[PDB]
Structures are given as structure tokens and as C-alpha cells.
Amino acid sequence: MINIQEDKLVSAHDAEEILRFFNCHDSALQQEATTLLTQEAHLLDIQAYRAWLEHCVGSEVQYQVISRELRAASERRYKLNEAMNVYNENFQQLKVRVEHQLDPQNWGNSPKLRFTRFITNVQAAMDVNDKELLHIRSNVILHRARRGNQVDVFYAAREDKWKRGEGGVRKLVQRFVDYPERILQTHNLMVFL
């Protein structure tokens, strides 16, 4: 498909991901992935954070959301840390975040927040090497509303790896998001994308 020498704006990473999905298409897998993500988003939207952890998140998970520094498209000399991790969580770190959300002294959660998630553009492809693993790509719009007139809308693309698990319970083992807005205008990014 893509040749990044000709398609000059495309990164090598992005070109690898297109290759992964354009090759073998498995309609049934796409539909299964769609259901999985819809169920995950439902659990998150109702703030069932413990259930999300138990039913959707694997023990080996890496949950990562980066913010990349703005650099010149023609840059090639400056070689220092390119991004920073808004999230780079293992299971225990996610659990700490979930406990924080559920603590009755989390004053910011009263009155109760309202979340609505919109998941679209689902694509799925089996890993070539590890048959327990499925690659799933999806885009999310996340709407947060709190305290009468606070409204924050988040937009992103998610690159996931999910394991088959046991009993048909698929679990997230990696989520990667390169957040598209460099300066957030949503007060914070304290939401699970």
C-alpha cells in the first residue's frame, strides 16, 4: 500500500498499522470487536470502574496516553525526549486510579459526573505471532459534564491489543493513544480513553 518516501506526511508507525488491517479481512472479528468495545464503553460510562478492571483489563496491561512535543516537520538534529506520558499505567496503577475515583472523600465526584462515550471506526486483526492476541483500532469521542455548566469533549484514536482470556472474557493488554491536542482545553485529562 503506502510508501512513506512518497507519502511524505506519513510516519513509519502509521504505515505499519494500515498494513495490518488492509490485508486479511475477517468480518466476524470486526463485529466481535465492535461488541467488546461497546460493552467496555458502557461499563465506563456508568462509572463501573471496578467491573471494568475485573471484566475488561488484563493483569499484564500497559495503558498509555502520550503528548508529543511540537517539532518542525523538517527537524532531524534535536534528539531529546519526544513525548511524555499522560498515562503509562500497569494494572496496579489503574487500580490506584479506580480507588481514587471511588473514595467518598473524592470531593470532585460530588455531584456525580456524567459520561457519554461514542466509539467508531472499529478495525480488528489477529496478531501474526501470538494467537492469543487481537489488534483492535477504534476512535472515541468522550463527553464529560459536571457541575451544571462544565462540559469537556475528548477526541482520540486508540491502538489496542486484547487477549482472548478465559471463558470468552477478552481483556485489554495494551492501549496506546497519541493525544491529538498538545495543550488540553478540558481542565485535565482525568478520563479513561
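In this text, the rigid core denotes the largest set of C-alpha atoms whose superposition between the two forms falls within 1.5 Å. From 1 onward, residues are counted along the sequence shown.
Between stretches 161-169 and 66-74, greater average Cα displacement in 8 other deposited structures of this protein relative to the shown form, fitted by the core, falls on 161-169. Comparing 136-144 with 23-31 by root mean square Cα distance to the shown form in 8 other deposited structures of this protein, with the rigid core used for the fit, gives 23-31 as the more displaced stretch. When the C-alpha B-factors of 17-25 and 168-176 are averaged, 17-25 comes out higher. Look at the mean CA B-factor for 125-133 and for 61-69 in the entry; the higher one is 125-133.
Among 120, 81, 85, 90, the highest C-alpha B-factor recorded in the PDB entry belongs to 81. Placement of the Cα temperature factor of residue 55 within the chain: highest third of the modelled residues, per the deposited record. Split the chain's modelled residues into thirds by C-alpha temperature factor. Residue 47 is in the lowest one. In this PDB entry, residue 149 carries a Cα temperature factor that places it within the middle third of its chain's modelled residues.
Among the modelled residues of its chain, residue 31 has a C-alpha B-factor that falls in the highest third, as given in the PDB entry.
Looking at the C-alpha B-factors along this chain, the one for residue 95 belongs to the middle third.
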